[PDB]
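> Structure here, sequence nowhere to be found:
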């Protein structure tokens, strides 16, 4: 069972948000098929389901401006939220309920939706070069600064995912300009700086941008 | 069980 | 119906027992089942089903986890708690409209103290080209989470020109990391030589990590 959400990262206020959930490994004509969102600050809100027979149930505090639809010949169902506001910024999840569990067992990776009038802007990527000022013992720290993008989210890997041990991708901060800034770091042996290549892989899907930056010592 | 408007029956 | 999760947060040491409670304002039981479920969520991941129907263990979940209760009173218990269990936990009821999640419970792991390894990074030459200079201070792998970072420029304290973020608790050594960024114009950055980042942490005296412009 696999659920994949799709939709826009940035919607303007008072407009309609439209998300899609694609299902594989299972038919949407069995069970129930839910939408869930997580607001900033981590509170979780159930939105509603569409059943195996096309019948819906909506959260009473959203029933007025929510619609859930489906297409059985695409194994897809769809969330629509009208008259969005900044309070509808959140990460949106689809999930499945079966009568075996009566709980939401399979989820998709979320989709980030920001409601705002601001325009999308891609990040600048600068190296955090390892040096004698970022080394300790035989361990060197190094990373990438991901600066001045909008909206969220940004994702960062290292060496296309080959480097996972030691990585810390920090939460983004909101600068006074309205643009987010992020840094990711990893720790490596200092004796590896001369032989092993280190590359951060910065993905900003809202701007359709991917940036790969090689970081070298000072 | 099946669910209708939130309640299983 | 209202789901009160208690407590809102909870620090436990490795190997000890952690209990999280969830109370409803009306029974979530019908047709011989408790429609109460417990989820774990970590940053950058969907929530994960741990316990369905109040006491039933989801497949591939270690039996260190367990849930009990009926009607309006449910608890989850992790015994013994492991470093990978640092996360937020949620209860959820779908017995009746409106389906609702609990407020959540942030579980922290208590370990021995760990001082931060402090790195400092000067602005890249590529960024200076743009006319802005970011200076970054890293506090790596430290416990407890409380840490203070002050920026000095030629021994002068800085206000209003820096920001910081902290990671969540690491799933392996139960430490936190912290990144701080000082932002200046290229012109201001070129008029000063000593750039310093002073860390106060319980596991340390204060330790100033600095660099000098031009000098290596």
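In hand now; what should we look at? Numbering: from 1, shown residues only, chains lettered A, B, ... in the order given.

> got a list of what the spatially most central residue of chain B touches?
The centroid of chain B falls nearest to residue B:3 when counting by CA atoms, centre = their mean (2.0 Å). Taking CB atoms under 8 Å, 6 or more residues apart in numbering or on different chains, we find residue B:3 in contact with A:32, A:49, A:51, A:57, B:9, C:94. From N, CA and C alone the C-beta is placed, and that goes for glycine too.

> Tell me if I am right that residue A:3 is in a strand.
Yes - using DSSP: H, G, I helix; E, B strand; the rest coil, the secondary structure at residue A:3 is a strand.

> count of neighbours near residue 1?
In the absence of a named chain, this looks at chain A. A count of nearby residues for residue A:1, using other CB atoms under 10 Å in any protein chain shown, gives 12.

> Not quite, go with chain C.
Counted with other CB under 10 Å, residue C:1 comes out at 16.

> What's the end-to-end length of stretch C:118-129?
One end of stretch C:118-129 to the other measures 27 Å (CA to CA, to the nearest Å).

> What strand or helix carries the closest residue to chain B within chain A?
Closest residue of chain A to chain B, CB to the nearest CB: residue A:57 (5.4 Å). Applying DSSP states H and E as the criterion places residue A:57 in strand A:56-58.

> what does residue C:5 give?
In this structure, residue C:5 sits in strand C:3-6 according to DSSP H and E.

> which neighbours does the helix or strand immediately after that strand in the chain have in its sheet, and in what orientation?
Downstream of strand C:3-6, the next assigned helix or strand under DSSP H and E is strand C:9-13. Strand C:9-13 sits in its sheet next to strand C:105-110 (parallel), going by DSSP bridges.

> List the buried residues for the partner strand?
C:105-109 (16 or more other CB atoms under 10 Å in any protein chain shown).

> and it, how far out from the chain's middle?
Chain-centre distance of strand C:105-110: 9 Å, with CA atoms, centre = their mean, to the nearest Å.

> got it, and stretch C:208-216?
31 Å.

> just stretch A:61-79 next, same as before
With CA atoms, centre = their mean, you get 21 Å for stretch A:61-79.

> Out of the buried residues of strand C:105-110, flag the one nearest to residue A:181.
Nearest to residue A:181 out of those is residue C:106 (CB to CB; 25.1 Å).

> Mind giving me the packing neighbours of the following helix or strand past the strand holding residue A:57?
Sequence order places strand A:66-71 as the next helix or strand after strand A:56-58, per DSSP H and E. Strand A:66-71 sits against strand A:44-51, strand A:56-58, strand A:76-81, with contacts defined as 3 or more CB pairs under 8 Å, 6 or more residues apart in numbering or on different chains; DSSP states H and E.

> And these: which comes nearest residue C:166?
Distance to residue C:166, taken as CB to CB, is lowest for strand A:44-51 among these, at 22.0 Å.

> Output the contacting helices and strands for that closest one.
Counting contacts by 3+ CB pairs under 8 Å, 6+ apart, strand A:44-51 packs against strand A:32-38, strand A:56-58, strand A:66-71, strand C:87-93, strand C:100-101.

> domains of the chain?
Since you didn't name a chain, this refers to chain A. Per curated CATH domains, the domain ranges recorded for chain A read A:1-117, A:118-216.

> try chain C instead
Using curated CATH domains, chain C is parsed into the domains C:1-111, C:112-213.

> what about the first one, how long is it end to end?
The distance separating the two terminal residues of domain C:1-111, taken as CA to CA, comes to 38 Å.

> Same check on the last one?
End-to-end distance for domain C:112-213: 37 Å, by CA to CA.

> anything in that domain sitting right up against chain A?
Yes - using CB under 8 Å from any CB of the partner chain, domain C:112-213 comes into contact with chain A via C:117, C:119-124, C:126-127, C:130, C:134, C:136, C:138, C:140, C:163-167, C:177-179, C:181, C:183, C:209, C:211.

> Just put the domains of chain C in a markdown table and tack on distance to residue A:177.
What follows is the domains of chain C, written out as a markdown table (distance: least, CB to CB, whole Å):
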| stretch | distance to residue A:177 |
| --- | --- |
| domain C:1-111 | 25 |
| domain C:112-213 | 10 |
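
> can you list the residues of chain B near chain A?
B:1-6, B:8.

> Out of those residues, which is nearest to chain C?
The closest of these, once distances to chain C are taken by CB to the nearest CB, is residue B:6, at 3.1 Å.

> Just to check, the closest one is in contact with residue A:57?
Yes - in this structure, residue B:6 is within contact of residue A:57 by CB atoms under 8 Å, at 5.6 Å.

> In terms of neighbours, single out the busier of these two.
Neighbours were counted for residue B:6 and for residue A:57 using other CB under 10 Å; residue A:57 has more, 24 against 18.

> got the contact list for the more buried one?
Residue A:57 touches A:48-49, A:51, B:3-6, C:97, counting by CB under 8 Å, 6+ apart.

> Can you tell me which residue is spatially central in chain C?
Central residue of chain C (CA atoms, centre = their mean): residue C:168, at 2.7 Å.

> quick one: secondary structure of that one?
Applying three-state DSSP: residue C:168 is coil.

> Burial check on the closest residue to it other than its chain neighbours, number of neighbours?
Distances taken as CB to CB, 6 or more residues apart in numbering or on different chains place residue C:43 nearest to residue C:168, at 5.2 Å, with adjacent residues excluded. By other CB under 10 Å, the residues close to residue C:43 number 11.

> Next, give phi and psi for residue C:43.
phi -60, psi 140 (degrees, to the nearest 10).

> wouldn't it be in contact with residue C:166 here?
No - at 11.4 Å, residue C:43 and residue C:166 do not qualify as touching, with contact defined as CB under 8 Å.
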